[PDB]
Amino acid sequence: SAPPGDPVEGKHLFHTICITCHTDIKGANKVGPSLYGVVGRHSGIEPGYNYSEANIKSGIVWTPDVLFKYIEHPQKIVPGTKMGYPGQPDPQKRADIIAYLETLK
């Protein structure tokens, strides 16, 4: 898995960044699919969410290692994705965010 993070601060970053397009609640989809239970989940499977062609076809499984790269440069990991976030350059913010994602299960 990815570098060690802080879920408390991760919640803070989730709710100041991710929350603009996603939710941390199960099954509740907005502009983006719910991130509840995302860790370990296969891409494009959140019920009722309208995924892009790229995401569905990806064949990605959201492990910590992958989420770490993706959050940094989404287009590099899912070329053609419709997730508009330029990316998170701070590696510690990415580890904290993932740390928080991990509790959502």
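Residue positions are given as counts along the sequence shown, with the first one as 1.
Look at the mean CA B-factor for 43-51 and for 30-38 in the entry; the higher one is 43-51.
Here 68-76 and 52-60 are compared by their mean Cα B-factor, and 52-60 comes out higher. Per the deposited record, 21 carries the highest C-alpha B-factor of all listed residues (13, 21, 25, 95).
When all modelled residues of the chain are sorted by CA temperature factor, residue 8 is found within the lowest third.
When the CA B factors of the chain's modelled residues are split into thirds, the value for residue 101 lands in the middle one.
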